[PDB]
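Visitor: Have a peek at start_33.txt (compact mmCIF, C-alpha atoms and all ligand atoms).
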```
# COMPACT_ATOMS: atom_id res chain seq x y z
CA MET A 1 60.90 27.09 -52.27
CA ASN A 2 58.58 24.27 -51.28
CA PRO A 3 55.40 24.37 -53.41
CA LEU A 4 52.19 25.30 -51.64
CA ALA A 5 49.91 22.29 -51.48
CA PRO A 6 46.23 22.65 -52.41
CA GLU A 7 43.50 22.97 -49.82
CA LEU A 8 41.30 19.88 -50.01
CA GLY A 9 38.61 21.06 -47.61
CA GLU A 10 35.92 18.44 -47.15
CA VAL A 11 37.34 16.04 -49.72
CA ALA A 12 40.42 15.28 -47.59
CA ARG A 13 38.20 12.61 -45.99
CA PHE A 14 37.89 10.60 -49.21
CA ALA A 15 40.08 7.77 -50.38
CA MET A 16 38.06 7.87 -53.62
CA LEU A 17 35.63 10.43 -54.99
CA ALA A 18 34.01 10.66 -58.42
CA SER A 19 31.30 12.59 -60.22
CA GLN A 20 29.62 9.63 -61.93
CA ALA A 21 30.64 6.23 -60.58
CA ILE A 22 33.09 4.21 -58.52
CA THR A 23 33.46 0.59 -59.59
CA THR A 24 35.57 -2.41 -58.68
CA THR A 25 36.15 -5.96 -59.70
CA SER A 26 36.43 -8.49 -56.90
CA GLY A 27 39.51 -8.54 -54.70
CA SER A 28 39.86 -4.86 -53.77
CA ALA A 29 40.63 -3.54 -50.28
CA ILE A 30 40.21 0.16 -49.45
CA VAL A 31 41.38 1.54 -46.09
CA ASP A 32 41.24 4.72 -43.98
CA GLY A 33 39.13 6.88 -46.31
CA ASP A 34 35.57 7.43 -47.46
CA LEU A 35 33.98 6.76 -50.85
CA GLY A 36 31.77 9.28 -52.59
CA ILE A 37 29.76 9.75 -55.78
CA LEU A 38 28.77 13.36 -56.36
CA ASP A 39 26.38 13.50 -59.32
CA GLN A 40 24.60 10.11 -59.48
CA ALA A 41 22.71 7.86 -57.07
CA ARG A 42 24.16 5.01 -54.98
CA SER A 43 23.18 2.65 -57.81
CA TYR A 44 26.28 3.90 -59.64
CA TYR A 45 28.50 2.03 -57.18
CA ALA A 46 29.38 -1.29 -58.83
CA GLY A 47 31.17 -4.37 -57.54
CA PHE A 48 31.04 -3.54 -53.82
CA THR A 49 29.37 -5.52 -51.03
CA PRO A 50 27.13 -3.58 -48.61
CA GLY A 51 28.11 -4.34 -45.03
CA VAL A 52 26.23 -4.56 -41.76
CA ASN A 53 25.74 -0.82 -41.28
CA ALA A 54 24.32 1.59 -43.85
CA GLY A 55 27.14 3.05 -45.93
CA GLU A 56 29.63 0.28 -45.13
CA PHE A 57 31.19 -1.87 -47.82
CA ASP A 58 32.95 -5.12 -46.94
CA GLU A 59 35.81 -3.95 -49.21
CA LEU A 60 36.22 -0.75 -47.19
CA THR A 61 37.77 -0.47 -43.71
CA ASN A 62 37.75 2.71 -41.56
CA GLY A 63 35.54 4.53 -44.05
CA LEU A 64 32.01 4.79 -45.39
CA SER A 65 30.47 5.28 -48.82
CA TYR A 66 28.21 8.21 -49.68
CA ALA A 67 25.74 9.23 -52.37
CA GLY A 68 23.26 12.08 -52.51
CA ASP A 69 20.19 9.84 -52.61
CA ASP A 70 21.21 8.26 -49.28
CA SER A 71 18.18 8.66 -47.03
CA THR A 72 18.14 9.05 -43.25
CA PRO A 73 17.16 6.50 -42.06
CA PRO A 74 19.21 4.44 -42.53
CA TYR A 75 22.27 6.38 -43.70
CA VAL A 76 24.15 8.89 -41.51
CA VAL A 77 24.81 12.46 -42.63
CA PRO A 78 28.42 13.51 -41.88
CA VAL A 79 28.83 16.14 -39.18
CA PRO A 80 28.23 19.15 -39.28
CA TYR A 81 26.05 19.01 -42.38
CA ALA A 82 22.28 19.45 -42.17
CA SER A 83 21.58 16.98 -44.98
CA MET A 84 23.35 14.53 -47.22
CA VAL A 85 22.73 16.91 -50.14
CA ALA A 86 24.59 19.67 -48.29
CA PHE A 87 27.50 17.32 -47.57
CA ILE A 88 27.71 16.36 -51.25
CA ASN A 89 27.44 20.04 -52.22
CA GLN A 90 30.46 21.06 -50.15
CA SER A 91 32.41 18.03 -51.36
CA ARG A 92 31.64 18.88 -54.99
CA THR A 93 32.71 22.51 -54.52
CA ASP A 94 35.90 21.64 -52.63
CA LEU A 95 36.92 19.10 -55.28
CA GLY A 96 36.60 21.78 -57.94
CA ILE A 97 38.65 24.23 -55.88
CA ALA A 98 41.47 21.74 -55.38
CA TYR A 99 41.59 20.61 -59.03
CA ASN A 100 41.68 24.27 -60.09
CA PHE A 101 44.47 25.03 -57.61
CA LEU A 102 46.61 22.24 -59.05
CA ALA A 103 45.78 23.13 -62.66
CA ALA A 104 46.68 26.81 -62.31
CA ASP A 105 50.18 27.90 -63.31
CA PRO A 106 52.30 28.92 -61.53
CA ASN A 107 51.99 27.56 -58.02
CA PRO A 108 51.76 30.53 -55.61
CA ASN A 109 55.07 29.71 -53.85
CA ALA A 110 57.21 27.83 -56.38
CA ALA A 111 58.45 28.25 -59.94
CA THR A 112 57.28 25.75 -62.55
CA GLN A 113 59.65 23.08 -63.90
CA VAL A 114 59.30 20.91 -66.99
CA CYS A 115 57.62 17.55 -66.41
CA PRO A 116 59.36 14.90 -68.54
CA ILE A 117 56.99 12.90 -70.70
CA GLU A 118 58.55 9.67 -69.37
CA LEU A 119 59.07 9.51 -65.60
CA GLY A 120 60.67 6.06 -65.34
CA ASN A 121 64.27 5.73 -64.10
CA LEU A 122 64.21 9.32 -62.79
CA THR A 123 64.85 10.69 -59.31
CA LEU A 124 63.02 14.00 -58.85
CA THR A 125 63.11 16.49 -55.99
CA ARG A 126 60.19 18.53 -54.73
CA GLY A 127 58.63 21.14 -56.95
CA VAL A 128 55.98 21.73 -59.60
CA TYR A 129 56.37 19.76 -62.84
CA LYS A 130 54.20 20.83 -65.78
CA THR A 131 53.68 19.55 -69.30
CA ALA A 132 50.90 19.99 -71.83
CA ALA A 133 51.45 16.51 -73.32
CA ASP A 134 50.72 13.01 -72.00
CA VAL A 135 53.07 11.49 -69.41
CA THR A 136 54.04 7.85 -69.02
CA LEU A 137 55.72 6.10 -66.10
CA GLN A 138 56.80 2.76 -67.54
CA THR A 139 60.52 2.45 -68.30
CA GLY A 140 61.30 1.97 -64.62
CA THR A 141 60.74 3.39 -61.18
CA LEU A 142 60.09 7.04 -60.38
CA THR A 143 61.92 7.94 -57.16
CA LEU A 144 60.66 11.04 -55.34
CA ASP A 145 63.37 12.54 -53.11
CA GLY A 146 62.22 14.79 -50.28
CA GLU A 147 65.85 15.83 -49.56
CA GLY A 148 65.35 15.12 -45.86
CA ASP A 149 62.27 17.30 -45.33
CA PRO A 150 59.06 15.35 -44.61
CA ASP A 151 57.07 18.44 -45.69
CA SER A 152 58.40 18.37 -49.27
CA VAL A 153 55.56 18.85 -51.77
CA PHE A 154 55.53 17.36 -55.28
CA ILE A 155 53.00 18.52 -57.88
CA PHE A 156 52.71 16.97 -61.33
CA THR A 157 50.30 18.89 -63.53
CA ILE A 158 49.60 17.39 -66.92
CA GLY A 159 47.64 18.61 -69.93
CA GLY A 160 47.03 15.14 -71.30
CA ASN A 161 46.84 11.71 -69.68
CA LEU A 162 49.05 10.03 -67.07
CA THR A 163 49.72 6.30 -67.52
CA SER A 164 51.99 4.02 -65.52
CA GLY A 165 52.67 0.51 -66.73
CA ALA A 166 55.07 -2.24 -67.67
CA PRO A 167 57.93 -2.98 -67.41
CA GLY A 168 58.32 -0.46 -64.58
CA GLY A 169 55.68 1.90 -63.25
CA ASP A 170 56.43 2.00 -59.52
CA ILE A 171 56.81 5.12 -57.39
CA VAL A 172 59.38 4.94 -54.58
CA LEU A 173 59.61 7.61 -51.88
CA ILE A 174 62.88 8.50 -50.17
CA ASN A 175 64.30 11.08 -47.77
CA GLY A 176 61.06 12.39 -46.25
CA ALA A 177 58.83 12.24 -49.33
CA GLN A 178 55.31 11.23 -48.29
CA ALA A 179 52.26 10.16 -50.29
CA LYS A 180 50.13 12.80 -48.56
CA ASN A 181 52.35 15.54 -50.07
CA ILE A 182 52.36 14.28 -53.69
CA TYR A 183 49.75 15.56 -56.16
CA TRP A 184 48.90 14.43 -59.68
CA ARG A 185 46.65 16.60 -61.87
CA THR A 186 45.60 15.44 -65.34
CA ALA A 187 43.36 17.28 -67.77
CA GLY A 188 42.87 13.81 -69.25
CA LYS A 189 42.65 10.50 -67.46
CA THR A 190 45.00 8.83 -64.99
CA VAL A 191 45.71 5.13 -65.57
CA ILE A 192 47.71 3.14 -63.00
CA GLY A 193 49.42 0.02 -64.32
CA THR A 194 48.88 -3.58 -63.24
CA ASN A 195 50.67 -4.65 -60.06
CA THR A 196 52.43 -1.30 -59.58
CA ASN A 197 52.99 0.66 -56.38
CA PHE A 198 51.58 4.19 -56.72
CA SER A 199 51.77 7.15 -54.30
CA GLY A 200 49.95 10.48 -54.35
CA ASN A 201 46.64 12.31 -54.62
CA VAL A 202 45.24 11.89 -58.13
CA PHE A 203 43.01 14.69 -59.49
CA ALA A 204 41.94 13.46 -62.93
CA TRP A 205 39.56 15.75 -64.80
CA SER A 206 37.92 12.78 -66.52
CA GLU A 207 38.45 9.33 -64.97
CA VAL A 208 40.92 7.24 -62.97
CA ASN A 209 41.47 3.62 -64.05
CA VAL A 210 43.51 1.52 -61.61
CA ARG A 211 44.56 -1.69 -63.32
CA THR A 212 44.74 -5.26 -61.97
CA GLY A 213 46.52 -5.60 -58.63
CA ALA A 214 48.03 -2.11 -58.32
CA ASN A 215 48.62 -0.73 -54.82
CA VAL A 216 47.65 2.91 -54.22
CA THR A 217 48.64 5.06 -51.25
CA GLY A 218 47.01 8.45 -51.61
CA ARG A 219 43.62 9.50 -53.00
CA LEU A 220 41.74 8.94 -56.27
CA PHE A 221 39.53 11.77 -57.60
CA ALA A 222 37.65 11.80 -60.91
CA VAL A 223 36.25 15.32 -61.29
CA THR A 224 33.78 14.67 -64.11
CA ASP A 225 33.55 10.90 -64.59
CA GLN A 226 34.56 7.76 -62.73
CA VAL A 227 37.10 5.90 -60.63
CA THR A 228 37.49 2.24 -61.58
CA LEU A 229 39.38 -0.41 -59.60
CA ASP A 230 40.53 -3.88 -60.59
CA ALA A 231 41.50 -5.83 -57.44
CA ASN A 232 43.42 -2.96 -55.84
CA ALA A 233 44.66 -2.18 -52.36
CA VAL A 234 43.92 1.51 -51.80
CA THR A 235 45.04 3.24 -48.61
CA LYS A 236 44.18 6.88 -47.99
CA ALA A 237 47.20 9.02 -47.20
CA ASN A 238 47.24 10.22 -43.60
CA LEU A 239 46.03 13.76 -42.91
CL CL B 301 45.57 22.23 -68.99
CL CL B 302 51.59 9.64 -46.36
```
I need this file expressed as structure tokens, please.

Guide:
Amino acid sequence: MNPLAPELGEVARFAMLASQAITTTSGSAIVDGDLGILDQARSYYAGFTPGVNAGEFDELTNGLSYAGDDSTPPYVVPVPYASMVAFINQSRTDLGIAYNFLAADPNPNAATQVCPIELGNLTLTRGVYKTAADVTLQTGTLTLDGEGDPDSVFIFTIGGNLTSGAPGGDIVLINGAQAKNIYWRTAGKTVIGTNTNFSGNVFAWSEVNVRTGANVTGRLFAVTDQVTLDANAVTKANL
């Protein structure tokens, strides 16, 4: 059966969310999602350009950035929260819930399959793919095949790191597969290779490092450390 996707709660609003820091080199463009740092002040944003209105970054369209030290005035507390601290509190809790959902075996509605340690040149159907080792996506393209059902859910749950890179590293979606229904969970870090096309919601326990020029469609979560960008186009997957 189709795997049950995690509940994201408040953190569905974020394109990127980290405990410690979100950083970028120049040349990044983030769209359709918010940015958040949960456990450090706004000073832990690096590389971004504050825009006209409080919370805006020039690099960020249809979204705002958030940190718990954001005062009102001039920042704006998201509805319906009474304070920015309360908004960060619910976001922190809901991130933990969703990471834990993806880390727990088995999924409530689907049996676990083996995740290959190299995902290049494979075509995979929906399901839950688990391994305790590290996973690489580099020999070629990973094609995710929704078998004609736009609701098909893909969960990759990984006890080590996840790294895409050269010579391949791209993710292609066919037959109904959608970025919003793909989930990547690493107990280690997630590293996305230079100039690749990546799809899915990344829940890295430690950090997410997106390398030069990669294109992300999905979400980037670092539960305990940081999300770093290097000239990336990041688009939040539609709700
Ligand atoms: Cl684990
Ligand atoms: Cl999508």

Visitor: Could you tell me how far atom CA of residue A:100 lies from atom CA of residue A:146, in Å and to one decimal?

Guide: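 So the answer is 24.7 Å.
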
Visitor: Can you work out which residues are within 12 Å of ligand CL 302 (chain B), considering only C-alpha atoms and all ligand atoms, and then hand them over as a VMD selection string?

Guide: chain A and resid 32 150 to 153 173 to 174 176 to 183 198 to 201 216 to 219 235 to 239

Visitor: Using only C-alpha atoms and all ligand atoms, what are the residues with an atom within 7 Å of ligand CL 301 (chain B), set out as a ChimeraX atom specification?

Guide: /A:103,132,158-159,187

Visitor: So which residues fall inside 9 Å of (34.0, -6.7, -48.9) if we count all atoms listed in the file? Mind giving them as a list in words?

Guide: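 Here the neighbourhood of the point contains residues 26, 27, 28, 29, 48, 49, 50, 51, 57, 58, 59, 60 and 61 of chain A.
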
Visitor: Go through A:157, A:141, A:71, A:215 and flag the residue nearest residue A:113, using all atoms listed in the file for the distances.

Guide: A:157

Visitor: For residue A:6, list every protein, DNA or RNA residue within 10 Å, evaluated using only C-alpha atoms, and leave out those in the same chain fewer than 6 positions away; present the list as a PyMOL selection string.

Guide: chain A and resi 97-102+107+155+181+183
